[PDB]
Chemist: 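If you scroll down you'll find the structure; I have some questions about it.
Chain letters run A, B, ... following the sequence lines, proteins first and then strands; every chain starts at 1.
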Amino acid sequence: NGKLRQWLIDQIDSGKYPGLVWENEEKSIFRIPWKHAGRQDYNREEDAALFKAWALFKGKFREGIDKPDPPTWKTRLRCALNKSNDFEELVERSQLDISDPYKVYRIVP
Amino acid sequence: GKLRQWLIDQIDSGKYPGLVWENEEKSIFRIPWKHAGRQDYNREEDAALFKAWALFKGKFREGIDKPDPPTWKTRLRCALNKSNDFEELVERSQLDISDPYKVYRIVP
DNA sequence: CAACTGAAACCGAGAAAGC
DNA sequence: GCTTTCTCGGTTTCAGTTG
């Protein structure tokens, strides 16, 4: 019944999202860009796309029908990653204080 | 079932603020439906109603079970959804107001 | 309250339980 | 034969913080 595990694996594999990449050969640890909106280096097409893609996939946001609320899209994916036991953040590897910020996640088998 | 007559009694009783009839024929009613605060369920004006369903059905025994209001809410919500005796008038429900509530018609 | 956050409350739906 | 409750996998809100 779940969807997030296979969905996010597919997005990483797709190569459509520049910072979203595997960090080991085993495809069990990945990087996910995590840029604050409103900051000077924030590309709102490119840094919202994965979050928007999840809201589109799950039917929460419908292009042309619903009003975009990108911050809401981010909150959804963060909270889903937090609650899912298929994903656990490697907090000591995440880097949120630099110019290209990112989180690091491990996928539970 | 048990829920149909029980909820009618609760509305008729006047014991729960906001649990009230909307028409003379006593077929449409409002049930307050507020999101809880941080372990603050008193802002829910009908929080008593969720506890009452759990007691009536023996699901909560005072002094034995841990109070679990969030769970009490889900039981009544899910019971209403599946029940063929209560049917939500979604076009009348008001979840976005300061004293929010849902509206239900009772099926004959 | 602009964007952001963890914790918690919240949800529908189907499987399971219950009478 | 029918009526609620448990389980699940995320979602949204609370009450604050700038993660």
Side-chain angles (χ1 to χ4, degrees), chain A residues 1-8 32-44 47-48 51-61 66-98 101-105 107-108, chain B residues 1-7 31-44 46-47 50 52-60 65-88 90 93 95-98 100 102 107:
Chain A
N1 183 26
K3 297 173 186 204
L4 177 66
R5 191 188 199 269
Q6 197 52 63
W7 182 85
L8 196 42
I32 165 158
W34 208 259
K35 269 141 141 295
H36 199 295
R39 265 34 155 179
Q40 183 54 14
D41 46 299
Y42 176 77
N43 181 337
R44 81 145 290 251
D47 300 314
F51 306 135
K52 191 179 178 187
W54 181 240
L56 288 156
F57 175 78
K58 289 302 294 297
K60 159 63 154 179
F61 177 78
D66 295 306
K67 277 173 198 143
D69 199 338
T72 286
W73 301 336
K74 188 163 155 172
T75 286
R76 288 166 44 80
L77 196 53
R78 173 178 47 79
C79 289
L81 288 170
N82 286 347
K83 182 121 184 317
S84 172
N85 292 330
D86 290 332
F87 302 89
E88 286 293 319
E89 189 187 351
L90 304 184
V91 316
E92 68 303 357
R93 298 300 178 249
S94 310
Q95 300 229 70
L96 275 98
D97 303 349
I98 63 194
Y102 64 89
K103 286 197 196 179
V104 181
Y105 276 95
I107 299 170
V108 157
Chain B
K2 280 197 228 157
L3 164 81
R4 193 200 192 261
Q5 191 51 65
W6 183 86
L7 194 43
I31 166 158
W33 203 265
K34 211 190 245 172
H35 198 288
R38 206 178 281 148
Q39 282 237 326
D40 170 25
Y41 316 78
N42 281 338
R43 54 174 72 188
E44 300 202 50
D46 59 358
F50 306 112
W53 182 239
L55 293 147
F56 181 84
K57 295 278 280 133
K59 277 280 142 169
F60 170 69
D65 310 297
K66 302 207 235 153
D68 193 0
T71 285
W72 299 342
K73 180 130 144 184
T74 67
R75 295 232 192 74
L76 187 52
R77 197 193 74 233
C78 283
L80 283 158
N81 293 348
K82 302 280 214 334
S83 162
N84 293 125
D85 283 280
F86 300 90
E87 195 232 350
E88 183 176 9
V90 195
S93 292
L95 285 181
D96 59 293
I97 69 187
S98 94
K102 291 202 228 178
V107 191

Chemist: Any side-chain N or O of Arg77(B) below 4.0 angstrom from OP1/OP2 of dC10(C)?
Modeler: no

Chemist: Nearest whole Å is fine: how far is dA9(C) P from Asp68(B) CG?
Modeler: 8 Å

Chemist: Does the side chain of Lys73(B) get closer than 4.0 angstrom to OP1 or OP2 of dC10(C) through an N or O atom?
Modeler: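 True: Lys73(B) side-chain N/O within range (under 4.0 Å) of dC10(C) OP1/OP2.
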
Chemist: Does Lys73(B) make a cation-pi contact with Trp33(B), if we ask for NZ or CZ under 6.0 Å from the ring centre and within 45° of the axis?
Modeler: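 Yes, a cation-pi geometry.
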
Chemist: Does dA3(C) have OP1 or OP2 sitting under 4.0 Å from an N or O in the side chain of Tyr42(A)?
Modeler: no

Chemist: Would you mind reading off the distance between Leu77(A) atom CG and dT5(C) atom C1', rounded to a whole angstrom?
Modeler: 14 Å

Chemist: Could you check how far CG of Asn81(B) sits from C1' of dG12(C), rounded to whole Å?
Modeler: 7 Å

Chemist: Would you indicate which nucleotide in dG10(D), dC10(C), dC4(C) comes nearest to any side-chain atom of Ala80(A)?
Modeler: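 Closest of the options to the side chain of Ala80(A): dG10(D).
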
Chemist: Can you check whether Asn1(A) has a side-chain N or O nearer than 4.0 Å to OP1 or OP2 of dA13(C)?
Modeler: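 Indeed not, no polar side-chain atom of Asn1(A) lies that close.
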
Chemist: Just curious, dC14(D) north or south if you read off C1'-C2'-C3'-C4'?
Modeler: south

Chemist: Is there a side-chain contact between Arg44(A) and the phosphate of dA2(C), meaning an N or O under 4.0 Å from OP1 or OP2?
Modeler: no

Chemist: For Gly38(A), which contact category applies under a 4.0 Å heavy-atom criterion: base, sugar-phosphate, or nothing?
Modeler: nothing

Chemist: For the pair made of CG in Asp40(B) and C1' in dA7(C), what is the distance, rounded to whole Å?
Modeler: 16 Å

Chemist: Is the phosphate of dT11(D) approached by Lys58(A) (side-chain N or O, under 4.0 Å from OP1 or OP2)?
Modeler: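 Yes.
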
Chemist: Between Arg43(B) and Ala36(B), what is the shortest heavy-atom contact and its length?
Modeler: CD-C, 4.0 Å

Chemist: Would you please confirm or rule out a distance under 4.0 Å between OP1 or OP2 of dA9(C) and any side-chain N or O of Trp33(B)?
Modeler: no

Chemist: As a test of reading the structure: which of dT4(D), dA9(C), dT5(C) is closest to the side chain of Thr75(A), going by heavy atoms?
Modeler: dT5(C)

Chemist: Whole-Å distance between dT11(D) P and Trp73(A) CH2?
Modeler: 15 Å

Chemist: If the plane angle is over 60° it's perpendicular, under 30° parallel, otherwise tilted; pick one for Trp73(A) and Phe61(A).
Modeler: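 Plane angle over 60°, so perpendicular.
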
Chemist: Could you tell me whether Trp7(A) contacts a base, only the sugar-phosphate backbone, or nothing, with contacts defined as non-hydrogen atoms closer than 4.0 Å?
Modeler: nothing

Chemist: Can you list everything that forms a side-chain contact (heavy atoms from CB on, under 4.5 Å) with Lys82(B)? Sequence neighbours excluded, please.
Modeler: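 Expected list: none.
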
Chemist: Is there a side-chain contact between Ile31(B) and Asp46(B) in this structure, where contact means two heavy atoms from C-beta onward sitting under 4.5 Å apart?
Modeler: yes

Chemist: Determine: side-chain N/O of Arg75(B) to OP1/OP2 of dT5(D), distance under 4.0 Å, yes or no.
Modeler: no

Chemist: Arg4(B) side chain to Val107(B) main-chain N or O, any donor-acceptor pair under 3.5 Å?
Modeler: yes

Chemist: Give the rounded distance in Å between these two atoms: CZ of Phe50(B) and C1' of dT5(D).
Modeler: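 Rounded to whole Å, this separation is 16 Å.
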
Chemist: Without decimals, in angstroms, what is the distance between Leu80(B) CG and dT3(D) P?
Modeler: 14 Å

Chemist: Here's a test of your reading of the structure: between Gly2(A) and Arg4(B), which maps to the more 5' nucleotide of DNA chain D?
Modeler: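 Closer to the 5' end of DNA chain D: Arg4(B).
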
Chemist: Using OP1 and OP2 only, check whether a side-chain N or O of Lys60(A) sits under 4.0 Å from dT12(D).
Modeler: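 Affirmative; the distance criterion is met.
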
Chemist: Grab the CG-P distance between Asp86(A) and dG10(D) for me, whole Å please.
Modeler: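 Between P of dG10(D) and CG of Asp86(A): 7 Å.
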
Chemist: Let's go through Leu81(A) and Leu8(A) carefully: what are the C-alpha distance in whole Å and the side-chain angles of both, what is the deciding distance for side chain to side chain contact (heavy atoms under 4.5 Å, CB included) to 0.1 Å, and is it a yes or a no?
Modeler: CA-CA 10 Å; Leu81(A) 288 170; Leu8(A) 196 42; 3.9 Å; yes

Chemist: Quick one: look up who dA13(C) pairs with, Watson-Crick or G-U, both distances under 3.5 Å, and put none if it's unpaired.
Modeler: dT7(D)

Chemist: At their closest point, which heavy atom of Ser94(A) faces which heavy atom of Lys103(A), and how far apart are they?
Modeler: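 What the structure gives for the nearest pair is OG-CA, 3.6 Å.
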
Chemist: Check every strand shown and say whether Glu44(B) touches a base, only sugar-phosphate, or nothing at a heavy-atom separation below 4.0 Å.
Modeler: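 Sugar-phosphate contact only - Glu44(B) comes under 4.0 Å of backbone atoms but never of a base.
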
Chemist: Examine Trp54(A) together with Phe51(A) and report whether their ring centres are nearer than 6.0 Å.
Modeler: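 No, too far apart.
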
Chemist: Would you list the protein and nucleotides 17-19 of chain D atom pairs, both N or O, that sit under 3.5 Å from each other?
Modeler:
none

Chemist: Over all strands shown, is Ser84(A) touching base, sugar-phosphate only, or nothing at heavy-atom distances under 4.0 angstrom?
Modeler: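 The answer is nothing, as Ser84(A) stays clear of every strand by at least 4.0 Å.
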
Chemist: Please compare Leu4(A) and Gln39(B) by the position of their nearest nucleotide in DNA chain D and report the one closer to 5'.
Modeler: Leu4(A)

Chemist: In the structure shown, which nucleotide is the Watson-Crick or G-U wobble counterpart of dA2(C), with both distances under 3.5 Å?
Modeler: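 The base-pairing partner of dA2(C), which may sit in any strand shown, is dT18(D).
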
